[PDB]
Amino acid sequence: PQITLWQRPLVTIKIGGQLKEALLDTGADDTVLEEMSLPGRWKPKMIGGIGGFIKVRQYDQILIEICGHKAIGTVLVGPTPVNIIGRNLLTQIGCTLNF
């Protein structure tokens, strides 16, 4: 697919057989998803963006699928406004920026 940037590049993801919307973000190094209770093991972590830092739980090896493409890796869960797909998963689906 090719996604223009007139609007925010929000797509559907599936994690644990539920669909969510998420922003595809080349500016994020990590993937941050809204609070949910996954089974599995986590570590505490702190991530920093524009206004400062928030606390998140880090889960490793989560499979998500982004517009039909599977990716597996580290997901951070915390109180974000929006679900963020960062470069750790975008590489696995083969995403590029082109101009």
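Position 1 is the first residue in the sequence shown; the rest follow in order.
Here 42-50 and 28-36 are compared by their mean Cα B-factor, and 42-50 comes out higher. Once the C-alpha B-factors are averaged per stretch, 14-22 and 80-88 rank with 14-22 first. When the modelled residues of the chain are ordered by C-alpha B-factor, residue 96 sits in the lowest third. Ranked against the other modelled residues of its chain, the C-alpha B-factor of residue 71 as given in the entry falls in the middle third.
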